[PDB]
Undergrad: 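Sharing a structure, written as structure tokens. Questions coming.
Here is the naming used below: chain letters follow the sequence lines, and residue numbers restart at 1 for every chain.
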Protein chains: 2
Amino acid sequence: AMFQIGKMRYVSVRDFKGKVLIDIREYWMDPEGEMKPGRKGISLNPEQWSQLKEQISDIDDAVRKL
Amino acid sequence: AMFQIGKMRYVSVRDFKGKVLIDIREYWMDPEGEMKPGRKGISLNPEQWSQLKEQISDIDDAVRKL
DNA sequence: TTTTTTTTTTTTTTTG
């Protein structure tokens, strides 16, 4: 499953060899016309995703002060 | 501001060249003993961060439907 | 690894 957050950026959910991964990644279009994952991105495990969500408020507060 | 979400992972909020960035990244330690941002990561603008939050419910649903 | 939005390539090819 893919969820768009930018023109060429998505959050994807997948089971990778038995591990749940939540990837936040940029994608590109290659010379052959194929959509490919980019070097910019990161794949979060369950606990990392859980902690990201738990601190959304603190993250937004930080953004706001900027 | 940095918000830890994993052993070597954080969501950092900073201003870069007058731009607010929400970076989800893995860090590492170099040969001189300095902690540095790593290659695995992605810097989101406030807009992308907003779209990520809006789809958390859908993301978690996809995790369950795996 | 050496971050770093947006980019029109900038030149990648996911996976704790």
Undergrad: What are the two closest heavy atoms between B:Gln48 and A:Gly6, and how far apart are they?
TA: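 Smallest heavy-atom distance, with atoms named: CG-CA, 4.3 Å.
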Undergrad: Please check if the number of heavy atoms outside A:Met35 that lie under 6.0 Å from its CE is greater than 12.
TA: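 Yes, CE of A:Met35 has more than 12 neighbouring heavy atoms, counting only those of other groups under 6.0 Å.
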Undergrad: Stacking here means centres under 5.5 Å and planes under 30°; does A:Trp28 stack on C:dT12?
TA: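 By the stated criterion, A:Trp28 and C:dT12 stack.
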Undergrad: Quick check, does B:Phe16 stack with C:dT5? I mean ring centres under 5.5 Å and planes off by under 30°.
TA: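 It does not: the ring fails the test against the base of C:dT5.
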Undergrad: Are B:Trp49 and B:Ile42 connected, step by step, through hydrophobic side chains (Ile, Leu, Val, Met, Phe, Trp, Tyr) whose heavy atoms are closer than 4.5 Å?
TA: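 Yes, B:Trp49 connects to B:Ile42 through the hydrophobic network.
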Undergrad: Tell me: CG of A:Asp30 to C1' of C:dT10, nearest whole Å?
TA: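 One finds 16 Å between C1' of C:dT10 and CG of A:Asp30, rounded.
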Undergrad: Which one, C:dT13, C:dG16, C:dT2, comes nearest to the side chain of A:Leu21?
TA: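 From the listed options, C:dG16 comes nearest.
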Undergrad: Between C:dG16 atom P and A:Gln51 atom CD, what is the distance in whole Å?
TA: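 For the pair A:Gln51 CD and C:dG16 P, the rounded distance is 16 Å.
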Undergrad: Report, as yes or no, whether the 6.0 Å neighbourhood of atom CE on A:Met2 holds more than 12 heavy atoms from other residues, nucleotides or ligands.
TA: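 More than 12 within 6.0 Å, yes.
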Undergrad: For C:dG16, does OP1 or OP2 lie under 4.0 Å from any side-chain N or O of A:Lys17?
TA: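 Negative; the distance criterion is not met.
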Undergrad: Mind calculating the distance between CE (A:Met29) and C1' (C:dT8) to the nearest angstrom?
TA: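 To the nearest whole Å, that distance equals 13 Å.
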Undergrad: In whole Å, I'd like the distance from the NZ atom of A:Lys19 to the P atom of C:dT15.
TA: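 So the two atoms are 16 Å apart, to the nearest Å.
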Undergrad: Do B:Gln51 and B:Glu47 have side-chain N/O donor and acceptor atoms under 3.5 Å apart?
TA: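 Yes, side-chain donor-acceptor contact under 3.5 Å.
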Undergrad: Under 4.0 Å from OP1 or OP2 of C:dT5: is there any side-chain N or O of A:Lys7 that close?
TA: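 Answer is no, no contact under 4.0 Å.
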Undergrad: Stacking check, if you would: do C:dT11 and C:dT10 have six-membered base rings whose centres lie under 5.5 Å apart and whose planes meet at under 30 degrees?
TA: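 No, C:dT10 and C:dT11 do not stack on each other.
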Undergrad: Give me the distance, rounded to whole Å, that separates C:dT1 from C:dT10 when you measure between the P atoms they each carry.
TA: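 Per the computed distance, 23 Å lies between those P atoms.
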Undergrad: What does B:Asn45 touch in the nucleic acid at a heavy-atom separation under 4.0 angstrom: a base, only the sugar-phosphate, or nothing?
TA: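 The answer is sugar-phosphate, as B:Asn45 gets under 4.0 Å only of primed atoms, P, OP1 or OP2.
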Undergrad: Measure CD/B:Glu26 against P/C:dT4 and give the value in whole Å, please.
TA: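 That distance rounds to 14 Å.
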Undergrad: With hydrogens left out and only the distance checked, is there a donor-acceptor pair under 3.5 Å joining A:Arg39's side chain and the base of C:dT14?
TA: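 Not at all, since no donor on one side and acceptor on the other fall under 3.5 Å apart.
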Undergrad: I need the minimum non-hydrogen distance between B:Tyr27 and B:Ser12, along with the two atoms involved.
TA: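 For B:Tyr27 and B:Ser12, the tightest heavy-atom pair comes out as OH-OG, 3.9 Å.
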Undergrad: Within the structure, does a side-chain N or O atom of A:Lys40 lie under 4.0 Å from either OP1 or OP2 of C:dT5?
TA: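 The answer is yes; a side-chain N or O of A:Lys40 sits under 4.0 Å from OP1 or OP2.
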Undergrad: If you sort sugars by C1'-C2'-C3'-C4', with positive as north and negative as south, where does C:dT10 go?
TA: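 With a negative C1'-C2'-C3'-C4' torsion, C:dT10 is south.
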Undergrad: With heavy atoms under 4.0 Å as the rule, sort B:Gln48 into base, sugar-phosphate or nothing.
TA: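 Answer is sugar-phosphate: B:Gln48 comes under 4.0 Å of backbone atoms only.
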Undergrad: Looking at the base of C:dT6, is there any donor atom on it, or on the side chain of A:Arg9, that sits under 3.5 Å from an acceptor on the other one?
TA: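 No.
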Undergrad: Considering only atom P, compute the distance from C:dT3 to C:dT14 and round it to an integer number of Å.
TA: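 My reading of the P atoms in C:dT3 and C:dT14 gives 22 Å.
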Undergrad: Between C:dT2 and C:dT15, how far is it from one P atom to the other, in whole Å?
TA: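 Each nucleotide's P atom is 14 Å from the other's.
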Undergrad: Given atom CZ of A:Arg25 and atom P of C:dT12, what is their separation to the nearest angstrom?
TA: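 After rounding, the gap between these two atoms is 15 Å.
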Undergrad: Over all strands shown, is A:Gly41 touching base, sugar-phosphate only, or nothing at heavy-atom distances under 4.0 angstrom?
TA: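 The residue A:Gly41 makes no contact with any strand.
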Undergrad: Starting at CD1 of B:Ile42 and ending at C1' of C:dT4, how long is that distance when rounded to a whole Å?
TA: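 It works out to 12 Å between those atoms.
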Undergrad: Rounded to whole angstroms, how far apart are CG on B:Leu44 and P on C:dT6?
TA: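 Spelled out: CG on B:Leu44 to P on C:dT6 is 9 Å.
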